[PDB]
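Quick note: numbers below take in every heavy atom, side chains included, and nothing from hydrogens, waters or symmetry partners. Proteins come first, then strands; the chains are lettered A, B, ... in the order of their sequence lines, and each starts at number 1.
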Amino acid sequence: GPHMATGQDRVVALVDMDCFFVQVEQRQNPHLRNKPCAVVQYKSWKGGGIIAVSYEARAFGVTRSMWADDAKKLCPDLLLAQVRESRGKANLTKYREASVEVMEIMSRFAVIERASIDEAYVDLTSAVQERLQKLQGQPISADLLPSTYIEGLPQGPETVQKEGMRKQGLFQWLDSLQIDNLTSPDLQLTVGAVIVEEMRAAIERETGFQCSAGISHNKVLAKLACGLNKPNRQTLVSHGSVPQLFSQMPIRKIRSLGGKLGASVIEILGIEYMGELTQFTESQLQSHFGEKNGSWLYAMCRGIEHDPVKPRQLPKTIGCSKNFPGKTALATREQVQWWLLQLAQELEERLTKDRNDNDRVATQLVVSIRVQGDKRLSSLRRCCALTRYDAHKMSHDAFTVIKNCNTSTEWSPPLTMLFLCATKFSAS
DNA sequence: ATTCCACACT
DNA sequence: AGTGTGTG
Ligand SMILES: Nc1ncnc2c1ncn2[C@H]1C[C@H](O)[C@@H](COP(=O)(O)NP(=O)(O)OP(=O)(O)O)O1
Ligand SMILES: [Mg+2]
Ligand SMILES: [Mg+2]
């Protein structure tokens, strides 16, 4: 009763850019705007691999991981933009710089946690408290929430158009709000959504990029909410919406349950939906999935999660890798050294820029390889000191730490992947 | 022949 | 450390 926490203590948003690499390319090249379009890496093998897809192209069935030649079978007029290639590999610099544009705008509203190249979590609890004090008991107009969906509404007794439904649900929600009581979680989420509308408007005005967002009480629900009405919309998932939302929600849709652990939850417990987890005791879940996973699942299926929005706007590592599939696997010592150099040169360029922008220096170099035949993504990891931002030195050091893996002037078994990653940053 | 960050476990 | 999972 009065002592059961409900995980309604925070307001958390997740902002995720819509078809992000495609929008970067469409901003640059107006000929690509409002067209079925995709971004590809490489070109020689089957037209290149698609990594981002405009919503117009998705309507034809084009997806990420598809070869462009195959995508063109579904969508003959598909337009393509190619990722920059430097030193023999795809180079994502343009998208990292566009990401910085967006993250710097978001950081004006609140502390953000950079969760990927195109998304960040936002802890809005304080901003909401401030805005509720500014508001002075004044009701919130639907005009302040022009692109917001309230998950679960409308319910109960222009209904056949999407925007009509969005407005009906929003009206039900605002009609129900207690705009007195500044401690109401639903009111806090609603003010959060007002702020997120402002944040998304700022991103679009100042960059040209559209994005979606989720607003809820924690990161998992915010992330889930964001995807519910992409693109160019935001979704509020209230605590009270959780039981119905989760009652038909496949377990794999919840962040960190998309892989083996989620599969084992389904297999061991014989369930399909997140809500079914509520029927197990915390001890039962811990016995199957461990203390940490069990406690997390027990709270998460009730809409409760405590993972904090970490104050971290910058990546903690700077890495780059290249695959060498099938017959292209590296089979000579010289080949291995040349590609280690190419990777080290990209890494040096990125590290030097990072040191100037962010007042820090990496202190450890991590080298990872994959050998032909190994089913695992990475076969071996080794590390060494990173004492100078020098590509020739870094590539020589990586070779020194991996050369004894060579069973064999010849390299055996051939290498199917190289990976250099700078880690352990200290202030400079 | 999909390609190119963060964190748990031991 | 080094291995592995999950993410986007
Ligand atoms: N598996 C992958 N391999 C390579 N690049 C990838 C990738 N997944 C994503 N990227 C890159 C390319 C993506 O543009 C960018 C953001 O990833 P998302 O947010 O998952 N997908 P998007 O923003 O495109 O569409 P929307 O959010 O509207 O569904 O990261
Ligand atoms: Mg996105
Ligand atoms: Mg994303």
Side-chain angles (χ1 to χ4, degrees), chain A residues 14-21 38-42 44-53 63-71 82-93 95-96 99 113-121 219-220 223 226-227 230 252-264 289-293 296 307 310 312-326 328-329 342-343 346-347 350 364-370 372 374 376-385 401-402 405 416-425:
Chain A
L14 183 276
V15 180
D16 186 283
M17 309 304 299
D18 297 337
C19 55
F20 185 44
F21 289 14
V39 174
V40 291
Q41 289 189 134
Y42 305 115
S44 68
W45 186 268
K46 296 178 177 186
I50 292 172
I51 60 173
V53 186
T63 67
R64 173 184 52 228
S65 86
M66 204 164 265
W67 298 116
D69 284 351
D70 292 334
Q82 292 181 250
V83 176
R84 180 180 297 142
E85 288 179 47
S86 302
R87 291 182 225 79
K89 72 170 285 275
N91 186 302
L92 307 171
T93 300
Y95 316 106
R96 291 193 184 97
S99 175
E113 178 184 342
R114 179 198 198 271
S116 75
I117 196 159
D118 88 320
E119 71 206 81
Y121 294 94
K219 294 201 291 180
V220 164
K223 173 63 174 180
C226 184
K230 260 183 179 279
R252 64 180 178 273
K253 303 299 184 178
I254 287 63
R255 196 197 176 188
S256 84
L257 298 181
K260 296 178 178 186
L261 171 63
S264 73
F289 312 113
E291 298 183 343
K292 186 170 173 178
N293 284 333
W296 185 88
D307 187 13
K310 296 183 176 138
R312 195 218 317 124
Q313 188 175 346
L314 304 170
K316 293 189 94 159
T317 57
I318 296 181
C320 58
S321 68
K322 189 167 174 49
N323 294 349
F324 303 93
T328 71
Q342 302 320 291
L343 285 177
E346 178 184 333
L347 185 59
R350 286 167 61 195
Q364 183 178 78
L365 181 66
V366 174
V367 64
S368 177
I369 66 178
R370 191 186 185 187
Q372 200 158 55
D374 190 331
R376 305 171 295 168
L377 278 193
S378 163
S379 297
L380 183 133
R381 165 154 304 178
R382 292 292 190 263
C383 68
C384 65
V401 304
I402 73 167
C405 283
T416 52
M417 183 274 301
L418 295 177
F419 184 44
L420 296 181
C421 187
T423 70
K424 297 193 184 310
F425 286 80

Exercise for review: Answer with base, sugar-phosphate or nothing: what part of the nucleic acid does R312(A) contact at a heavy-atom distance below 4.0 Å?
Suggested key: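 It contacts sugar-phosphate atoms only.
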Check your understanding: With a 3.5 Å cut-off and no angle check, do the side chains of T317(A) and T423(A) form a donor-acceptor pair?
Key ->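 Side-chain D/A pair, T317(A) to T423(A): absent.
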Exercise for review: For the residue pair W45(A) and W67(A), categorise the inter-ring angle as parallel (less than 30°), tilted (30 to 60°) or perpendicular (more than 60°).
Suggested key: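 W45(A) and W67(A): perpendicular rings.
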Check your understanding: Would you say the side chain of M417(A) lies within less than 4.5 Å of the side chain of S368(A), judging by non-hydrogen atoms?
Key ->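 In short, these two side chains touch, coming nearer than 4.5 Å.
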Side chain of [X], heavy atoms from C-beta onward: which of [options] has the nearest atom to it?
| X | options | value |
| --- | --- | --- |
| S321(A) | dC5(B), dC4(B), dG2(C) | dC4(B) |
| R376(A) | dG4(C), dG8(C), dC4(B) | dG4(C) |
| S65(A) | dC7(B), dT2(B), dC4(B) | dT2(B) |
| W45(A) | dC7(B), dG8(C), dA1(B) | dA1(B) |
| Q41(A) | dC4(B), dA6(B), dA1(B) | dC4(B) |
| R255(A) | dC7(B), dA1(C), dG8(C) | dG8(C) |

From [atom1] of [X] over to [atom2] of [N], roughly how many Å is that when rounded to an integer?
| X | N | atom1 | atom2 | result |
| --- | --- | --- | --- | --- |
| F419(A) | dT3(C) | CZ | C1' | 13 Å |
| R64(A) | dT3(B) | CZ | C1' | 12 Å |
| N323(A) | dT3(B) | CG | P | 5 Å |
| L92(A) | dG8(C) | CG | P | 17 Å |

OP1 or OP2 of [N] less than 4.0 angstrom from a side-chain nitrogen or oxygen of [X], does that happen here?
| X | N | answer |
| --- | --- | --- |
| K322(A) | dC4(B) | yes |
| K260(A) | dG4(C) | no |
| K223(A) | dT7(C) | no |

Check your understanding: With a 4.0 Å cut-off, would you call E119(A) and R114(A) a salt bridge?
Key ->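 Looking at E119(A) and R114(A), the cut-off is not met.
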Review point. Taking any strand in view, what nucleotide pairs with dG2(C) in a Watson-Crick or G-U wobble way, both distances under 3.5 Å?
Key: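 The answer is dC9(B), by the H-bond criterion.
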Practice item. State the pairing partner of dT3(B); accept Watson-Crick or G-U wobble contacts with both distances under 3.5 Å, and report none otherwise. Key: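 When the pairing criteria are applied, nothing turns out to pair with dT3(B), so the answer is none.
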Distances for protein N/O vs nucleotides 8-10 of chain B N/O pairs under 3.5 angstrom?
unit_1, atom_1, unit_2, atom_2, d
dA8(B), OP1, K292(A), NZ, 3.4

